[PDB]
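Report on the structure
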Protein chains: 2
Amino acid sequence: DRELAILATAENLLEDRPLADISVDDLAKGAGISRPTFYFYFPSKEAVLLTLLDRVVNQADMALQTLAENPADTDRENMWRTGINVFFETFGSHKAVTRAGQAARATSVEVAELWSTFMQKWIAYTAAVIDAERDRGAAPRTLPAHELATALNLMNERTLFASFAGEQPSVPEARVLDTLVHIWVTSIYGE
Amino acid sequence: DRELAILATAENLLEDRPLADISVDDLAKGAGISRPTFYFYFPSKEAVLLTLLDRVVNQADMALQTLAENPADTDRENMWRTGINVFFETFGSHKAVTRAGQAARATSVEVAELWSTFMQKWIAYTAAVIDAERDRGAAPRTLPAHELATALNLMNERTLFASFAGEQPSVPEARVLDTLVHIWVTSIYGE
Ligand SMILES: CNCc1ccc(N2CCCN(C(=O)CCC3CCCC3)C2)cc1
Ligand SMILES: CNCc1ccc(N2CCCN(C(=O)CCC3CCCC3)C2)cc1
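Residues numbered from 1 in each chain as written, not as in the entry; some residues may be left out. Chains lettered and ligands numbered in written order. Heavy atoms only, no water. Residues with missing side-chain atoms left out of burial classes, pairs and counts.

This part takes up the environment of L14(B). All names here are of chain B. Considering the arrangement of structural elements, one finds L14 in helix α1 (residues 2–14). Given a relative accessible area of 1%, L14 falls into the buried group. Remark: the alpha-carbon pair of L14 and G83, spanning 69 residues in sequence, is separated by 28 Å. When neighbours within four sequence positions are excluded, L14 is seen to be in contact with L19, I22, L49, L52, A96, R99 and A100. (Helix = DSSP H or I, 4+ residues; strand = E, 2+ residues; numbered from the N terminus. Buried < 20%, exposed > 50% of the residue type's maximum accessible area, 1.4 Å probe, protein only. Contact = heavy atoms within 4.5 Å.)

Structure (C-alpha cells):
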C-alpha cells in the first residue's frame, strides 16, 4: 500500500543520511502523501525504522528456520557456514537498515528488545546444536555450551557489523564469512 | 589539581546517570568550582569523558606493554589468559567510563578515533604473536593472522562490554574470561 512506499522511501534515504537527518516530511514526500496522512500509517520516523528492522530480523529468522528443517548433505564445517551465511546475506543486503537499527538500540527500548529477543533465540539454538554434537560424540565437552554460543553469536554481531560498515578496524566483507566459520568450528570441535 | 576533582566527579556521576543527564554545573559543583572556572580546565562535558576514557585506554595499553616485556613462566593458555585479563580488569574497574565511552563513539569523532587507534594497535600486536607462534611451529597456518586477530579482538570488545553492562544476552562476568580464552586458544592453535 502506501505503507510499503513509506518503508521503501525510508530505506532508500537511510543509504545517504542518518535517521536524525530524515524528517517525517521527507518520508511522506517520497511516498507521495501528506505529513498528516503519514501519521495514519506510522506514529513516528522511529516506528518506520522499527518496522524495517523487524522485517530484516524476521527474514533472517525464517531463513535459519528453513535451514534447520532442511539439513544440507555436506560436512560439518559447511553446515555451520551455511547457517552463518544467513546472517551475512540477510543483514548484508540491508546495510543501511542494519546500521540505523544498531544505532537506535541506544535510544529505543523497542529496538533494543527486538535485538535482544532474537539474539537470545539464536544463542539458544546454537547451544542446542552444540549440545547435540557433544551427545553424539562429535564435539568435546569443553565450555558450557550456552556460554560458548553466547560469545560466538556476539562475535558475529560485532564482526559482521564492522565489516558491513567498513569500520577501521574490520575484516574485509569478502573474507569475514570464512573468518567466522574458522573460529566457530575450531572453538566448537577443538579439544 | 581541580582537574582531578572534575574527573573524579564525572566518573562518580556516570555510575548513576548517562552523560546527557549530567550538566557542566553538576561537574563544577562536585569539584567545588564555578561554571566559568570549569571551562578553564575543560571545554565541555564531552571533553571530560574523552579524558577519562583516554586514561583508561592508556592504562590498559601500558599494562599490556608491561606484560609483553615480562613474559610469565607458564604455559601458552595461561599466557593468553594473562593478556586478555588486562582488558578484563582495566575496563572492568571503570565500567561507567567504559559504558559512556562506547556510547560516545556514535557522536564524537575524537572518541571514535581513540577506540579505533588502540584497537588497531592491539590487533597488530595479536597478529604478530600469532605469526611468531606459527614460525616456531607451535600454531598451524590457517586463517591470515591479521584477520583472525581482528575477529578475536572484536569478540572481546563486544563480549566484555555485554558482560560488564549486564546486557541480555551476556556471559556472566565471573565466566567471561575463561570463555574468551577458550575461543582464542582453540582458534589460534586448532588445525
Ligand atoms: C550487527 N550486524 C548485523 C548482525 C549480524 C549478525 C548477527 N548475528 C548474531 C545473531 C546470530 N548470528 C549468528 O552468528 C548465528 C549463527 C547461526 C545460528 C545457528 C547456526 C549458525 C549472527 C546479528 C546482527
Ligand atoms: C567495550 N568494553 C571494554 C573493552 C574490552 C575489551 C576490549 N578489547 C578489544 C581490544 C583488545 N582486546 C583484546 O582482546 C586484546 C587481547 C590481548 C592482546 C594481545 C594478547 C591478548 C580487548 C576493548 C574494550
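All names here are of chain A. Assigned domains within chain A: domain 1 (1–44) and domain 2 (45–191). Using C-alpha coordinates to define each centre, domain 1 is positioned 29 Å away from domain 2. Taken residue by residue, the interface counts 18 residues in domain 1 and 13 residues in domain 2. The junction of domain 1 with domain 2 conceals about 1,300 Å² of combined surface from both sides, 68% of it contributed by carbon and sulfur atoms. At the surface where domain 1 touches domain 2, the tally comes to zero salt bridges. Inspection of the region where domain 1 meets domain 2 yields seven residue pairs in polar contact. Elements represented by at least two residues in the side of domain 1 that touches domain 2 include exactly α1 (2–14) and α2 (24–31). If you tally residues by element for the side of domain 1 that touches domain 2, the top one is α1, at six residues. Classifying every residue of the side of domain 1 that touches domain 2 by side-chain character gives 14 nonpolar, one polar and three charged. (Domains from an automatic or database assignment. Buried area = accessible area lost by both parts, 1.4 Å probe. Salt bridge = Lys/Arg side-chain N within 4 Å of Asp/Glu carboxyl O. Polar contact = N/O pair within 3.5 Å; in protein donor to acceptor, adjacent residues only side chain to side chain. Nonpolar A, V, L, I, M, F, W, Y, C, P; charged D, E, K, R; others polar.)

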